[PDB]
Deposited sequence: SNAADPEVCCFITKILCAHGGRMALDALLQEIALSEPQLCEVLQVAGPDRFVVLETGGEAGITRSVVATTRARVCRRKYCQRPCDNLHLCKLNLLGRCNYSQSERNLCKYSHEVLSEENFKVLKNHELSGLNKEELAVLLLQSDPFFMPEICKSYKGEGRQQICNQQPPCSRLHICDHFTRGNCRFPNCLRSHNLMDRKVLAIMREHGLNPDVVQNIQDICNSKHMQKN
């Protein structure tokens, strides 16, 4: 409920790689177990994903980076260079995406999502595991696991697209929802996402699937 306490939890979580065991989190926030559990439950799975009895908390957000190459303002999304946010922009010729992570316009977007207290490092951790735009490209010719051809040829992800966006309508979906697969982890690793980050994405995407 309290945005200052919530932002503070997001901050501590992002400093520990977007995930913490409930016990290690309690040691940093200095609250009691059902007192913290009240805050997490009230904030909901759009801010914190709680999984199991050894409990872990995963930070998330509804904030997204605008996907357009050239965006006509006003726009309610963040505008930044993903590569720069991750410290890998080898173009800045001038890059068409902002290198000012906490720009005036982004700062307003963060206030709307109650994340204006974050620094650029915490924002990078949060967005990498919450925003699907940070994920490698998904093979458009992939249609499921029990077919003649898995795809038309490729290097892209052979995973359910809708699952990554939190809207897989199929309850017994035959397109893979397992991002923890060796082949997926190999493509993720080459894109700059390590298995700890993929595990967080997996648990956020699992949570979004169980909440329709």
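Trainee: Should a student be asked to find the unmodelled regions, what ranges of the deposited sequence would be the right answer here?
Mentor: Missing CA coords at 1-3, 56-61, 102-105, 167-169, 229.
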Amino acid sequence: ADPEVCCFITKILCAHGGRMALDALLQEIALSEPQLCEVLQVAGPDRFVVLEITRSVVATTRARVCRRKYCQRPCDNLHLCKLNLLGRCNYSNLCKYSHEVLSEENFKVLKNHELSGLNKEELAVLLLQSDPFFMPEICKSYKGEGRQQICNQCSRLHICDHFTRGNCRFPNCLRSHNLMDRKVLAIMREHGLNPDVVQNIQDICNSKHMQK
From here on, numbers count along this sequence of modelled residues.
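Trainee: For the stretches 22-30 and 61-69, which has the higher mean C-alpha B-factor as given in the deposited record?
Mentor: Averaging CA B-factors over each stretch, the winner is 22-30.
Trainee: Mean C-alpha B factor from the entry: is it higher for 76-84 or for 137-145?
Mentor: It is 137-145.
Trainee: Using only modelled residues of the chain, where does the Cα B factor of residue 6 rank: lowest third, middle third or highest third?
Mentor: Its C-alpha B-factor belongs to the middle third of this chain's values.
Trainee: Looking at the temperature factor on the CA atom of residue 162, which third of the chain's modelled residues does it land in?
Mentor: Middle third, going by the recorded CA B-factors of the chain.
Trainee: What third of the chain, by the recorded C-alpha B-factor, contains residue 55?
Mentor: For residue 55, whose C-alpha B-factor we compare with every modelled residue in the chain, the answer is the highest third.
Trainee: Against its chain's modelled residues, does residue 177's Cα B factor rank lowest, middle or highest third?
Mentor: Its C-alpha B-factor belongs to the lowest third of this chain's values.
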